[PDB]
Structures are given as C-alpha cells and as structure tokens.
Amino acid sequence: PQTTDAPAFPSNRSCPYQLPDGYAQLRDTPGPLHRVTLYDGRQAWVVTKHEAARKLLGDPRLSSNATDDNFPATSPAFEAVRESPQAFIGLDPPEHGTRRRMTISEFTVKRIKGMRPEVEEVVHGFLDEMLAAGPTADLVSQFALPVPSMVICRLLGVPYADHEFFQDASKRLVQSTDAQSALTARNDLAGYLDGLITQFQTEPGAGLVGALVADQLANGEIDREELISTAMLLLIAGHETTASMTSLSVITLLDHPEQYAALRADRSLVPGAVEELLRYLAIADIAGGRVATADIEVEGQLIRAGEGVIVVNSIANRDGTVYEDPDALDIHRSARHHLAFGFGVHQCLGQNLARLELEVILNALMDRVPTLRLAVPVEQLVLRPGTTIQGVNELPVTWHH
C-alpha cells in the first residue's frame, strides 16, 4: 500500500474557493499539527487548527529566518529568498522591528483613509478604459493587476511607466517552479530597484523608497541590499495579493449569485464581505513558514529544535470550531479573527490597504458593470498550484456592451 502518515505538501486547488482534497483531509484530522513531506523529501509540520495557529505564530521559538538550512522551503524557487539579504518578513526580533518600523508610516489608518480618493480614481480609470473597449476582456491583465500596481507604485515612488517590466519580473519570481528562473527574475528586479536608489541619491523624490534613501540609507541604518529586498517585498506584495483577491472574489461571488445580489442591495455589507472573502479564499495560505529554534510542546506533540513548521492559514480558516459550517461562504457571518493575514509580529503590514482596495473594487464593479459575468466555464479556468499565491493568471469576462 501507498498510504503515508506524511502526505506530500503543498497540494493544488481544483476549485478556486475550496481546500484541495489533501487540505480537507488535514483539516479533518484531530490535533493542531500534522506531518507532511516537502518537495525535497524532508518532513515538516503543518499547523491545521485555528487557535493553535495563533499560538504558534505568536511563539518566538518559531523563527521566520528563511536562510536557516532547516527552514521549510516548499519549492526550489525559494532559493531566490535565501540567497539575498532578507526583507523584514524573514527577520526576527529585534532586527525585524527596526526594519518594519521604517515602513509603517505609509500604512497607518490615517494614511489609508487619505488614499481612498486615489484608489477610487485608479479603480474607475482602469474601468472606464476596460468598458470603453467593450466585452471579452481579461480581468487579470486589464484591471486586477494594474489597479493595485499603480497604487503601490505611488506609495513606493516606483515609476508606473516601468510597469510592464516589473509586473513581468514579479510574476516570474513568484510563480517560478525552478531555482534559476527565480534567481534571474529576482536579479532583474534587484538591478532595477538598485538604479532607482542611485537616482534618488542624486535627486530626492517622493515615495517610501525615496524616503528610505534620503534618511535611513544615508545614515547607514539600513544596508543598500536590505533596501532593495524591502522595496521588492512591498512592490510584489502590494501588486499580487490584491490582484489575486480581486479575480478570485469575482469568480466566487458569481458562483454565489444570491449573496452577490444581497451585497449589491446593501453596500454596508461590503466590508464584512471582504473579511469573509479573505477568510474563505486565503490566497497566501503557505506564507507561514517557520523553523523552531528550541523544542516546543503542542498539545502532547513535540516540535523539535531545527524542525520546519508551516502555519496553513487556509486550513486554519476552515476550522469549524471557529467558523460554523466553515466551508460555506456567508458574507453575513463574522469572519473576524481569520488568519488570511497571519497573526502576531509579522501580521500583514498591507492589510488595511488591501481592505480599502477590495472595498472600492467591489463597489465599483457592482456600480459600473452589474452585468459582469465570466466568459468561460469556471472549470476551464487554470488555477495556480499550491506552491504559490493562489489565483488565476487569466479571467475571461464579458458584460452588456
């Protein structure tokens, strides 16, 4: 027999908004942890329950150090992370905090509120272009990706002019299946960001990157390579996550036409619906890799120092002890406390920006294209595999022209 007690991980979605069969199995298995086998044949733990996920994401014994030999890399591409200085996503206290604090001013509640008119302007701008061209469009390339790309570019002070280049490099890096393809795309982005830094040293400019160059870099409080990594982190997260959420959300809402109509009829529901969609879709479900620096006992199971642990937030967000009937989309439910953005010191920096963008996007689509529908069968869409940010690279849509 082929039965194993350490199943291959990650697994692929076969339905854009449902756990892969293997994740459903792990969700159903009693206890906080379960053994898996990574791509290289090393075993690691996955965390498969909601409260245990919060506990372990809060445990300083679980390091985010992606350079550790025992870090649970889920594919060969991750070499692109371990081969350069880490952005703060890969740091632990105290270095984590000193780096994260250099960026937090761009993401304050007050700043997010202040970006509402810009995000609304950008959303409607790309809509009026898409709709003026008329039906059979790819929602990914024409809307889902350019909108948050333009927004994060202004926040960072990266020229939107260069979008074709950095969007292509972003995709190759994040979606690469092999180490050399990842290293190249990372190197391409690095050289670009490097030139931007030098440009800012000659002529000060707006945006976070400009601010970091003029201040912390000039004081030697951040390494040039760290600034590159930090900018690359924010550029890619700023783009890809919201893009993925937009496309997946349209697919999922259109498969739930009853709740979609309800959303349209009562816009006060959109913020809650956005939380439910974040819970349900969990697009960064394997962005929870850690390595134990010390033994950790977990409800009778022992994680040993030097063992890898992945906090699987998709599985955790389907914990029925927390979300009653967890596999049912319900935009009226309280999706509060979900783990789509992590928990603790590395909890998503961009979360409130994501929430603003998705609220504006949903309202705009319902306002401007109420007859939006997919132009192909859900079954014919190609879903990205489990080793990356979840989503689709193409989304054929049409509407009443």
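Start at 1 with the first residue shown and count on from there.
- The PDB entry records a higher mean C-alpha B factor for 376-384 than for its counterpart among 376-384 and 6-14.
- The question of which stretch, 345-353 or 332-340, has the higher mean Cα B factor is settled in favour of 332-340.
- Highest C-alpha temperature factor among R99, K110, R290, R172, as the PDB entry reports it: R172.
- Of the candidates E106, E164, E226, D194, the deposited coordinates give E164 the top C-alpha B factor.
- In this PDB entry, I89 carries a Cα temperature factor that places it within the lowest third of its chain's modelled residues.
- Sorting the modelled residues of the chain by their CA temperature factor places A273 in the lowest third.
- Sort the modelled residues of the chain by CA B factor and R368 lands in the highest third.
- Ranked by Cα temperature factor within the chain, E120 sits in the middle third according to the deposited record.
- When all modelled residues of the chain are sorted by CA temperature factor, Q201 is found within the middle third.
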